[PDB]
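If you want the building blocks of each chain, they are given just below.
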Amino acid sequence: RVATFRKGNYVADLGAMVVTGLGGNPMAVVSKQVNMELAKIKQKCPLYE
DNA sequence: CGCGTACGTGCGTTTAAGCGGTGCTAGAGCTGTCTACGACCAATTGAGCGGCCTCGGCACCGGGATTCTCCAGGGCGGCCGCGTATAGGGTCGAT
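As a convention, residue numbering begins from 1 on each chain and follows the written sequence, not necessarily the numbering found in the entry; residues with no coordinates do not appear. As they are written, the chains are lettered A onward and the ligands numbered 1 onward, keeping that order. Although these chains sit within a larger assembly, the values stated refer solely to the portion shown. Heavy atoms throughout the structure, all of them, feed into the side-chain values; hydrogens and water do not.

Method of determination for the deposited model, per the PDB record: X-ray crystallography, at 4.9900 Å resolution.

Chain A carries the name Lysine-specific histone demethylase 1A in the PDB entry, which gives Homo sapiens as its organism.

Even after reading the chapter, I still don't get the overall build of chain A, so can you show me in this structure?
The way it works is that DSSP assigns letters per residue, a run of H or I at least four long becomes a helix, a run of E at least two long becomes a strand, and they are numbered from the N terminus. Looking only at helices and strands, chain A has one helix and two strands in total. The order of α-helices and β-strands along chain A, N terminus first, is β-β-α.

Quick question: what am I supposed to make of the pairing of strand β1 (residues 4–7) here?
A regular strand places its side chains on the two faces of the sheet in alternate fashion. Across four bridges, the pairing between β1 and strand β2 (residues 10–13) is antiparallel. Bridged to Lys7 within β2 is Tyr10. Only when DSSP finds a minimum of two bridges between them are two strands counted as paired. The antiparallel hairpin formed by β1 and β2 contains two residues in its connecting segment, where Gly8 sits at a positive phi of about 65°.

Explain the side chain of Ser31 here, please?
Counting through the fold element by element, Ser31 comes out in helix α1 (residues 27–33). Here a polar contact is taken to be a pair of N or O atoms separated by no more than 3.5 Å, where protein atoms must pair a possible hydrogen donor with a possible acceptor and residues adjacent in sequence count only if both atoms sit in side chains. Of note is the side chain of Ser31, whose polar atom sits 2.6 Å from the backbone oxygen of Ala28. Residue contacts follow a heavy-atom distance rule, with two residues in contact if any of their heavy atoms lie within 4.5 Å. Not counting residues up to four positions away in its chain, the partners in contact with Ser31 are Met36 and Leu38.

How should I be thinking about a nonpolar patch on the surface in this particular structure?
For patch building, the residue pool is restricted to those with more than 30% relative accessible area and no salt bridge; the joining distance is 9 Å between like charges and 5 Å between nonpolar side chains (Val, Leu, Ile, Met, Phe, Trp, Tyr). All accessible-area figures derive from a Shrake-Rupley calculation using a 1.4 Å probe, and residue coverage is judged against the displayed protein chains alone. Salt bridge, as used here: a side-chain nitrogen of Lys or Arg that lies within 4 Å of a carboxyl oxygen of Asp or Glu. Together, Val19, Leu22, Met27, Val34, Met36 and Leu38 give the surface a local cluster of nonpolar side chains, amounting to about 480 Å² of exposed area. As for its placement among the helices and strands, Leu38 is situated in the segment after α1. Only protein chains enter the accessibility calculation, which uses a 1.4 Å probe; a residue is then buried when its area is under 20% of its type maximum, exposed when over 50%, and partly exposed in between. Look at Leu38 and you get partly exposed, because its relative accessible area is 44%.

It is not clear to me how the environment of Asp13 should be interpreted in this structure. Could you clarify?
Considering the arrangement of structural elements, one finds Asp13 in strand β2. On a C-alpha basis, the gap between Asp13 and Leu47 in space is 23 Å, while along the polypeptide they are 34 residues apart. Excluding anything up to four places from it in sequence, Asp13 contacts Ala3 and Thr4. Engagement of the side chain of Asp13 in a polar contact is seen with the side chain of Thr4, the distance being 2.2 Å.

Take a look at the structure:
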């Protein structure tokens, strides 16, 4: 259930890619062990009807 | 200390208090007679007071009912505040 689409320069995850936070997450250890490029997500989400 | 008003003060208008002069008689005050009522004395009698006793109306109280007295706590709104997020600026790397 970890699926990543890879073709040319396009990379998009079809399953899981969003961290639920680093506080108390063993994935932070994983990110320090495996070359993970983590990017913060701004919670601003406008809505269009 | 501050606000609001009610009473002091002045003036023009208006009422009756005061003066006093005069006349009338009602009622106070004086007087003269006659007596009904009160003081005063004596003898008799019971109404009123000290004493003595018994007894219950109320002082005393422990329990129970009540009638106030005070407050205390929970809820609800406001104000401040710690944490997280988000935008902005600055810095570093790449073209």
